[PDB]
C-alpha cells in the first residue's frame, strides 16, 4: 500500500494571504521515499490551492453535501468541487459528527454520492471516551464501518481511504499511545477483511488520525497497519514535511 498523508488545515488559516504563504512553503518541501500527499483546506481557499499547489500533490475538500445542487443554502456540492479539478473530500471528521451533528446515515449518503460521482474520500471514524474506557472500541468502530460499507459501489474501494480518530484522546485528559494506534488500525483492517474480503482489506489505506507531530510520526509510521496520517495542526507548520517523510519508516 502506498503510504498516504493528508494535511487537514481544518478551519485555518484566517486569511487567503496566509494560505498562499503556506502553499509556497509546501511547494518547496523535499519529499523522500514514496508517499501520496493530499492537502485539505477551507472551501474558500480551495481555488487558490488548486491553482498554486505543487502538481504531484492533490487538493481535498474538508466536507461536501449529499446532493449535486439545490435548495441547500450554505452547502458545497461534489460537482462544484469537481469543476475545479478537485478529486478528494474528507467525510465524517469527528468535529463534524460532534459539533455539526452529522450522523452515520448522513455520512453514508455522502460517501455513496461522492464515489458514484468520481470523488475519492477520506472517511473518518473512531470511538469516544466511554467506549474506550469500557473496552468496547472495536464494537463501536465496527458499527461505523458497517454503516460505511454498503455506500461503497463495486470497484470503488481503490478510491477509499479510512482515517481512525481516537476521539477518546481529544480534549479528554487522556493520551493515545503508538500501540493504541496500531491496535485500532488493525481492528479496522480485520473488520474489512471479515466483511468485504482480504483483497480489499489488503489494499485500503488506513490512517492514524490522532495527534501526529514530528516527535511521534516515525514510530507511528512504523506500525504495520498504520498506512499514513490525517494530520491536524501540524499541517499548518513546517513539520508537516517531517510527517510526509515518515513514510521511509513504514514497511
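Residue numbers count along the first chain shown, from 1.
For this session: Would you tell me which stretch averages the higher CA B-factor in the PDB entry, 5 to 13 or 233 to 241?
Result: The recorded data point to 233 to 241.
Exercise. Looking only at CA atoms, which has the higher mean B factor in the entry: 100 to 108 or 70 to 78?
Worked result: 100 to 108 has the higher mean C-alpha B-factor.
Exercise. Looking at 95, 165, 159, 146, which has the highest CA B-factor as recorded?
Worked result: By C-alpha B-factor in the record, 146 ranks first.
Exercise. Of 50, 63, 182, 215, which one's C-alpha B factor is largest in the deposited record?
Worked result: Among 50, 63, 182, 215, the highest C-alpha B-factor in the entry belongs to 215.
Exercise. Taking the entry's C-alpha B-factors for this chain, is residue 220 in the lowest, middle or highest third?
Worked result: Residue 220: CA B-factor falls in the highest third of its chain.
Exercise. Would the CA B-factor of residue 203 place it in the lowest, middle or highest third of its chain?
Worked result: For residue 203, the deposited C-alpha B-factor lands in the highest third.
Exercise. So where's residue 130 on the chain's Cα temperature factor ranking, which third?
Worked result: As the PDB entry reports it, the C-alpha B-factor of residue 130 lands in the middle third of its chain.
Exercise. Sorting the chain's CA B-factors, does residue 195 end up in the lowest, middle or highest third?
Worked result: As the PDB entry reports it, the C-alpha B-factor of residue 195 lands in the highest third of its chain.
Exercise. How does residue 83 rank on Cα B-factor within its chain, lowest, middle or highest third?
Worked result: Middle third of the chain for residue 83's C-alpha B-factor.
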